[PDB]
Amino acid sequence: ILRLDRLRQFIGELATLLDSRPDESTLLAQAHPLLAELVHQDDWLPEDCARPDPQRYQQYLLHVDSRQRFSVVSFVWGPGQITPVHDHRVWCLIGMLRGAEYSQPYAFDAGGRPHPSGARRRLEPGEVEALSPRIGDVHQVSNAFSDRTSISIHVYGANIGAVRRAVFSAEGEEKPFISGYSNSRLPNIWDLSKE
C-alpha cells in the first residue's frame, strides 16, 4: 500500500537536478518543491522508519546517493523531545511530514556564545525549510507537541551520519559529534514486484 514510488521519484528527480551541477542556491530553490511534493502527503514512510524512542529522537536513514551527494533521513521526534543547538556543515532541506516542529536559528557573537538570530519558526506538514553554512547553519529544533510523535524528512548534502559536526551549549562550549543512524538496516524501497 505504501507509495514507495513517490520516494523513488523524489530520489531520482533530486539526483537529476544535482547532475546539472547547480550552485547551492539554485539547488536549494529547485529542490524545495521536490521535497514539498513528497511530504505533502503522508502515505509512503515505512512503519519501521516512523518509530519514536522514549529517551531520544531517532534518525532513520532512508537512502544515500551513490556518490554521497545527498542522504535522505526520517527524523522522528517523540513527544516533547528537543535537540541541542548544533550545525550541519553541508546544505540541508527539512520537510515536515507529520506533527510539527519549532526551529530557532542561532548566530554567535565574537565571544563564541550563541544567540537567536531570527524568529522561532513553526514548521507545519507540507512545509520545507533550508539551511547551509552559507546562509546560516546553526539552530535548535524541538517537537512542537508535548503529546505526539512528529516526523520531518531531512535531505543533506552528504552522508550526514558520517559528517563531523558540533553541538553548542548556551555558554558557547563546542562539542564535536557524529549523529550516526538509528537503523542498522535500510528499507528496501526498490522491490517493485512487491507493489
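Position 1 is the first residue in the sequence shown; the rest follow in order.
Per the record, averaged over C-alpha atoms, which has the higher B-factor: 171-179 or 21-29?
Averaging CA B-factors over each stretch, the winner is 171-179.
Using the B-factors recorded in the PDB entry, average over the C-alpha atoms of 120-128 and of 106-114, then report which stretch comes out higher.
It is 106-114.
In the PDB entry, which of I151, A162, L38, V64 has its C-alpha at the highest B-factor?
The C-alpha B-factor peaks, among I151, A162, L38, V64, at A162.
I'd like to know which of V138, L45, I135, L34 has the highest C-alpha temperature factor in the PDB entry.
The C-alpha B-factor peaks, among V138, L45, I135, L34, at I135.
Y57: which third of its chain by C-alpha temperature factor?
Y57: CA B-factor falls in the highest third of its chain.
Using the temperature factors of the C-alpha atoms in this entry, rank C49 within its chain: lowest, middle or highest third.
Answer is middle: the recorded C-alpha B-factor places it there.
What third of the chain does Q68 rank in for C-alpha temperature factor, lowest, middle or highest?
For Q68, the deposited C-alpha B-factor lands in the lowest third.
Would you mind checking where the Cα B-factor of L7 ranks among the modelled residues of its chain, as the lowest, middle or highest third?
Lowest third of the chain for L7's C-alpha B-factor.
What third of its chain's C-alpha B-factors does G95 belong to: lowest, middle or highest?
Ranked within chain, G95 CA B lands in the lowest tercile.
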